[PDB]
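Below is one structure, written out as structure tokens; comments come after it.
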Number of protein chains: 2
Amino acid sequence: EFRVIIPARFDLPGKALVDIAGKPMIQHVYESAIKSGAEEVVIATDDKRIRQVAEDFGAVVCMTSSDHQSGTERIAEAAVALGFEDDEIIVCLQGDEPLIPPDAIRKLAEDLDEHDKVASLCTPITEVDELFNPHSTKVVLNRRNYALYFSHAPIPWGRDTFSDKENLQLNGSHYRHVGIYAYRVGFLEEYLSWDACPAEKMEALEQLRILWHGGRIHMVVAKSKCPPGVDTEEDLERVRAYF
Amino acid sequence: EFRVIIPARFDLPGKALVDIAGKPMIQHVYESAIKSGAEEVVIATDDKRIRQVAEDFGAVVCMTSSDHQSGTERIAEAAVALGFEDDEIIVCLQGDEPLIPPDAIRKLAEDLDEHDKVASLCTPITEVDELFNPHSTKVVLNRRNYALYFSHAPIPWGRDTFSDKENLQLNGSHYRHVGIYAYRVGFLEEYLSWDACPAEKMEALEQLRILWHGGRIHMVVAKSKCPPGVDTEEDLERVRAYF
Ligand code: NI
Ligand code: NI
């Protein structure tokens, strides 16, 4: 009823295989996908070392092309190689997100199925330090929970409050974006025809491409804690300290 | 073919009437509206001192209600009091913008007329200091120049460049929002039925309400220099120094 594809990268050098409490990161990610109730979970990678490690814990791996460098290109190649029909729901779960609640993965799939193109997940920001951290991605929502914008900048900005952080309390006000999407397979062909935009390149946020091209992304707010993922060595030590 | 309404506020105390090179600010604004080729230019205010000064330089003034406190409430009351038909194009020119090129005012009206709800104007940011100044409003555009978001935050954020401002060059990358809109009168009734949203209150940007409610705002990029307007005493001294 839905399938998970996990794009996993090697060049944090050796990222997908960094040890987290005994298991490589990609294994943690894979386990979250299984527990979600996905019909099938597949790891998509262009790296043979990642293939080896994932096959050795029993994962199905789709080897993708060194040409297809973005996560979504990988997903697309894998989705073609695996034979997914245009009506099938794919969850793209980034290999840098090892701590997404499995129920949230499923909820994301349900959201996209409930409504007749792309859904993604976010979580409340309650700590001022996280809001203002340029490493975190913020997302601003409209009334119906569609994304208006995604940024590293602290948005929405408190015109009269951000200059007084000691009195600043965050109360339903701000959301952090999680690296997971739900897409129908059909959408990936249209998506891949679109070129990049300046904002996506500045922010290094590929999802801005969808907004640039007049597309919409529906957001689901995770009920449960969704710890931030792992892109830096600081992130890795934080996540290792959860166990 | 289009009409300008200028909402003008008194409580910068005494804002609309601050002296700029011999004439109150509101007079400068009014003159830009006349030069635009507007069929009619009307000042909307709930303040009798503003009425007096504007009538004494020959302006038509619509006295609005002390209850109707937002600029758009003023515009709406004035638009009703003046008898504007639902198909008529209103340009809302804020009383804090004395240096908008008259050709840009007209271009904004044309934009809205060319396309079958709300248009607004922006101008390129070429100075890093302006981008990063929380007083300035930034706007992010989609491919067809619709606004995705408006903020005081520096957006789009340069993930890998904002930590190296000495090498940062702004090249078609960033836009500053100007306090001017074009609306058909018809839209104002729908607009006024909408309630505020958290983001509009944090940012103090009323235009976020339109985005919140799933509305769109088409942006025109001014060809000519559009100096920032006047909301603070710093702004006033800068603008006085242009003359
Ligand atoms: Ni507070
Ligand atoms: Ni540079």
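Below, all heavy atoms of this structure are taken into account, side chains as well, without hydrogens, waters or symmetry copies. In what follows, chains carry the letters A, B, and so on, assigned in the order in which the sequence lines appear, proteins first and then strands, with residues in each chain numbered from 1.
Residue-environment remark: CD (B:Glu234) stays at or below the threshold of 12 foreign heavy atoms within 6.0 Å. Surrounding CZ of B:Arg209 are more than 12 heavy atoms belonging to other residues, nucleotides or ligands, all under 6.0 Å away. By the 6.0 Å contact criterion, CD on B:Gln69 is enclosed, its count of non-hydrogen atoms from other residues, nucleotides or ligands being greater than 12. The local environment of CD in A:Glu233 is sparse, with at most 12 non-hydrogen atoms from other residues, nucleotides or ligands closer than 6.0 Å.
Judged by distance alone, with hydrogens and angles left aside, the side-chain atoms of A:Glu203 form no donor-acceptor pair with the main-chain N or O of B:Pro156 at under 3.5 Å.
Each of B:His152, B:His135, B:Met202 was compared with A:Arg159 under the side-chain contact (heavy atoms from CB on, under 4.5 Å) criterion, and only B:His152 meets it.
Using a 4.5 Å heavy-atom cutoff, the side chains of A:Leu148 and B:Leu148 are not in contact. With contacts defined as side-chain heavy-atom distances shorter than 4.5 Å, the pair A:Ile155/B:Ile155 qualifies.
Put simply, NZ on A:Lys138 and CH2 on B:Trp157 are 8.0 Å apart, with the number rounded to the nearest 0.5 Å. Going from atom CH2 of A:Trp212 over to atom CZ of B:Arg144 covers 10.5 Å, rounded to the nearest 0.5 Å.
Neither the backbone nor the side chain of B:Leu205 has a heavy atom closer than 4.5 Å to any heavy atom of chain A.
Chain A forms more heavy-atom pairs under 4.5 Å with one residue of B:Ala153, B:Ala204, B:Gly158 than with any other, namely B:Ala153.
When all heavy atoms of B:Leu211 and A:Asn142 are compared, the pair lying nearest together is O-CB, 3.8 Å.
Contact residues of residues 162-178 of chain A toward chain B are A:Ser173, A:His174 (heavy-atom distance under 4.5 Å).
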